[PDB]
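Coming up is one lone chain in structure tokens, specifically the form solved without its partner chain.
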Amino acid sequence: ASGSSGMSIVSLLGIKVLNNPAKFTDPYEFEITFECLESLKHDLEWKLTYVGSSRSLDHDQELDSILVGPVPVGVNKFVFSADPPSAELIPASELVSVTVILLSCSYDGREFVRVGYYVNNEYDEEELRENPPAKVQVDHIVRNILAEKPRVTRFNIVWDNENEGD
């Protein structure tokens, strides 16, 4: 606060959710468009996170992370590909039709943006949608990212120069 190095170099302009509504075991594909005002020393870091009610382990599941090279000054486009979650960590008696994914970008380790998305999951069969199992048949689950209602959150991180010590 006593150092609102506000001036934000990168600003998210849009996230196309192509690939949706693929299968629960299908990777996540995002077409993120953003602009970079000045040049940056370091790389931008992207990450997807699975958030979902559970009675033990299902939330805070980081799905994946990646560091993007040199960010060209101007309006850029980057396609994010995130691995699906291991069934090893989703309710066994699951029927968690609604969960959340948080896509966020950071810089030099300081997070500066986060996009919240609600997801819809349901088995792909009539009776199994009328008389479910007691064991989550993962590969019969079809997620549906509600790509239309995204919640955005900008933070105020310090970027490059600040004159580390003075």
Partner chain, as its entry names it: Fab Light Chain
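Here, rigid core means the biggest group of C-alpha atoms that superpose within 1.5 Å across both forms. Positions refer to the first chain, counted from 1.
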- Query: Mean CA B-factor: is it higher for 32 to 40 or for 133 to 141?
  - Reply: 133 to 141
- Message: On mean Cα temperature factor in this entry, is 85 to 93 or 70 to 78 the higher one?
- Response: 85 to 93
- Max C-alpha B-factor within the set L102, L57, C105, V98 falls on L57
- Which of these, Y123, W46, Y118, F112, has its C-alpha atom at the highest B-factor, as the entry lists it? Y123
- Query: Can you tell me which third, lowest, middle or highest, the CA B-factor of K16 falls into for its chain?
  - Reply: middle
- Task: Within this chain's modelled residues, let me know which third the CA B factor of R151 belongs to: lowest, middle or highest.
- Result: middle
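Only in words, not in the display: the form solved in complex with its partner chain, which the text now covers.
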- Check whether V100 has any heavy atom within 4.5 Å of a heavy atom of its partner chain in the deposited bound form, and answer yes or no. yes
- Message: So in the deposited bound form, is its partner chain close enough to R55 to count as touching (4.5 Å, heavy atoms)?
- Response: yes
- Message: With a cut-off of 4.5 Å between heavy atoms, is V136 one of the residues that contacts its partner chain in the deposited bound form?
- Response: no
- Going by a heavy atom distance of 4.5 Å, is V119 a contact of its partner chain in the deposited bound form? yes
- Across 140 to 159, which residues bring a heavy atom to within 4.5 Å of its partner chain in the deposited bound form? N144, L146, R151, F155
- Item | After fitting the core, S54 CA displacement of 2 Å or more between this form and the one not shown | yes
- Task: Answer yes if the CA of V96 moves 2 Å or more between this form and the one not shown after aligning the rigid core, and no otherwise.
- Result: yes
- Note on the structure: The CA atoms of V100 and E94 move 3 Å or more in the deposited bound form, ending up closer
- Task: Over in the other structure, so in the deposited bound form, do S56 and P27 pull closer or drift farther apart at the C-alpha level? The difference is 3 angstroms or more.
- Result: farther
